[PDB]
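Heads up, the chain below is alone and in the form deposited in one PDB entry; it's given as C-alpha cells.
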C-alpha cells in the first residue's frame, strides 16, 4: 500500500513570523548543506586515494564516519567497534581532504538526527546508481570498444551478410555478462580487439550468481558491483569515452532541502533541553514554530501530519505519515474495456513533442496542450534567460565553465578539480546566496502546478466533468533522443491518477499511417512539402526542413474533383486520434482491434 504523501508550501507561510526561529532554520540548513556537500566529495576522495592499494567495502558506516569526522574531527568518540574501526581508517584522509578544500570543522552539536538522514540518503544514491546504470554503461563500453556505431558505416547495412556481426555481438555479450558459460574452444576464435575487451572486463572482478543471469544479481546486491562500477569508469577515461559519474556528488551550491524533524526542532530551533521537550505533545511542540493552521498541514486519505519537514529557506515540504508506517499489461485498454463502456466520455490522446498532448473524442472536438504553452505557463523558458543573465552580471559563467570535470577517477586529476572549485568558491557562494535561485525553484513549482491544474480544467470543460483517457504507449521515458527537447510522456499517466481520471494505454502501431476516411494505408504519403528550417540556427545555416506533421491521402475516393492539390490533407496528430477512435470503437463494439492496425 501507499503510506506517505507530501504537501509543499512556501517558507513565508509555513513558519510563524518569528525571525529568531526563522533565522535559526536558515542557519542550521546552511551548516547541514555544507556537511552533505563535503561528505560526498570526501567519500569520493577516500575511494580514489585507496585505489592505490585496494578498493574498500563501502558501507553505511563509511559515510557516517566521514560526516562526523568532517564536523567533529578527532572529537568523534563512537562506542561501536565496527564504527570505531572506520574512524581510525578514515581519519587520515578526512584531514588530508580538508587541508585541500580549506574546510573548517563547524563542530555542530545535536548532529545525529541530520547525520543519520544524510548517511542513509547518501547510501541510497549508491544503490540506485549502481543498480541499473552499471549494466547500461557496461553494455555501452562493449559497443564503444568495438566501435559498433562506426561498424554500421564500414559494413553494408540491411543485409544478411552482416547479421552475423550482431549475432556475434549478442553471443559475446552473453559471455561478458556470464549469461552463458563459454566453451573452451570459443577462446581461440577471438581477434586481438575481442581478446583485449575480454581481459578488460575480467579485470572488473564482477560478482556472479550461478542460478540467474547477471541482471538479477545486480538487483540482489547492487553494492557488490560498486568496485566494478568504479573500475569501469577508469576504462571510460582511459580511452576518452564520455565519462559517467561513478560516485554521486552533491555538487550544487544552491541551498538544498534539509530534513527537520521533531528532535532537530527543539535541539536547534527552540533550543530547549531534551527533558523539557519530551514533556510536551508532538503537535504542541511544533505549533510554537510552524503555523499548523495552514492548509498545507491538513490531513488527507487517513494520513496525519507528524513532525517532519524539508526546507531550503524558500519552500517547505510537509510530509504526511500514515499510522500503519513500517517504523523500521493491466494498464492497456485491451483489458479495461468494461470500464470504458461505462465511461461518460472517452478521450483519445496522442503524445508528441511540439504538441505534448493532442486530444479528441467521438463528438469530433479537439484539444491540445503544446510545449510552448507549458514553457510559457511554467516559466522555465522565461526563467532560463534570467538565470543566464545573472551569470553575465556577476561574471560567474567564466568561472564555472573552467571547472575540471568531476567525473574523473584519477586522484591527481580529481585533486585539481577540488583546488579549482576552492579557487572561486567564495565568489560563487555569494552569487548563489541570492534568494532568486531558490525562489525560481519554488515559483517554478507553483507555475507547474497551475499549468497542470489548468490542463485538467480545460479538458473538463472541453469534454465534460468526468471522462476516461486512452493514450498511446509511446514514451521517451529517460531515453530522450538527441536534439529536440524533453517532454512529459509517462508523467501524464500519474497526473491523471492524481485527479482520479482513469487512464489506459493503447498500442500505436501503424496509427500514423492509415487514413481514417478510407481505412487504408495504401495511399498515404509522407514528407512531401519543403520549406526553410523553422529552427533559427538551422535556418541561418541554410538547411531545409520537410514538413513532419502533415500527411495526405491520395486515394481517389478521398478526393474531390475541384481540388488542384490532388491530396486530402490531414494533421499528423489528428490522424492518430481518429484512428484511435476507430480502434476504440471497434474494441468497445466487440470487434477487437481492426485488421489494418494489426501487427500480424
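We call the rigid core whatever largest set of C-alpha positions still superposes within 1.5 Å between the two forms. Numbering follows the first chain given and starts at 1.
The discussion below concerns the form deposited in another entry, not included here.
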| property | result |
| --- | --- |
| Residue among 499, 466, 362, 480 whose Cα moves 2 Å or more between this form and the one not shown, once the rigid core is superposed | 480 |
| Exceeds or equals 2 Å, Cα of residue 386 between this form and the one not shown, core fit | no |
| Residue 412: Cα shift of 2 Å or greater between this form and the one not shown (core-aligned) | no |
| Did residue 490 shift 2 Å or more between this form and the one not shown, C-alpha, core superposed | yes |
| Residue 372 and residue 480, C-alpha gap in the other entry relative to this structure (3 Å or more) | farther |
| CA-CA separation of residue 471 and residue 484, closer or farther in the other entry than in the form shown [shift of 3 angstroms or more] | closer |
